[PDB]
């Protein structure tokens, strides 16, 4: 007698949207926008370093809080909020661009720049860099007269980049608390530092004066840097106010000292080495099957696309047509 053709249905289906229409009911659907993150940085199978209190620029010059990261090796570099790049007050020139460099280095290697000295005080210290006792940047030397109010010598230092990787070279300029204090440490006269590369040439004079007291000190130390091509010499020339480099920084993704290319994330979250993750934000990790996320615009790494919507339901079966009596 008779044969019918047909398709399945269910009692309640889920509403999706099409180009034409809104709220079409289908048999099956799945979400496409991830709203839920993993509140941990997931480092499983990655080499990670939590810098904790150590600001990342600190791993180059070496304040007390960065003592465990002077040479470090990492695929994933985690910066924290309360972190500080310095002890003795002052800041880096063109900092934000030096960070982005260290963040994607894979870690930094350190080597001694060879400098020796004569008839100078090179062991200058500060209650601002305290270890067991007043100390100073582990990778820098503070250079003073060796006798108070003695005038400081005119000196030249050269260092030549031997390695096939470009070198990070940092130096500082000390800004005394007043014109009196500069005289005490470097003597009277005109103070001039000049730094010369084959691409770089700048000169610096201290600007002494009463600044607000930070970390107990009214003086400042300002750091500057340059990238030194292989086979190139940097020339240091100075008669005072000079914070000199004792080691040069070499990136590890330029070399078994090698460790290719890192991602630097900024996060407030505990590390978890048990979960796997490729995309990170300040709350932790996004690890989802879904193509989009609503969690954070500023996620970094291998990430779902950020979208304003918290839901975009995708159909996985046909339009649901309920059965009739």
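Positions refer to the first chain, counted from 1.
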Are residue 255 and residue 256 truly consecutive in the deposited sequence, or are residues between them missing coordinates? Give the number as none, 1 to 3, 4 to 9, or 10 or more.
1 to 3
Using only C-alpha atoms and the B-factors in the entry, which stretch averages higher, 164 to 172 or 137 to 145?
164 to 172
Averaging C-alpha B-factors over each stretch, which comes out higher, 45 to 53 or 256 to 264?
256 to 264
Member of 132, 100, 127, 207 with the greatest C-alpha B factor (per the PDB record):
207
Which one, 74, 86, 78, 195, has the peak C-alpha temperature factor per the PDB entry?
195
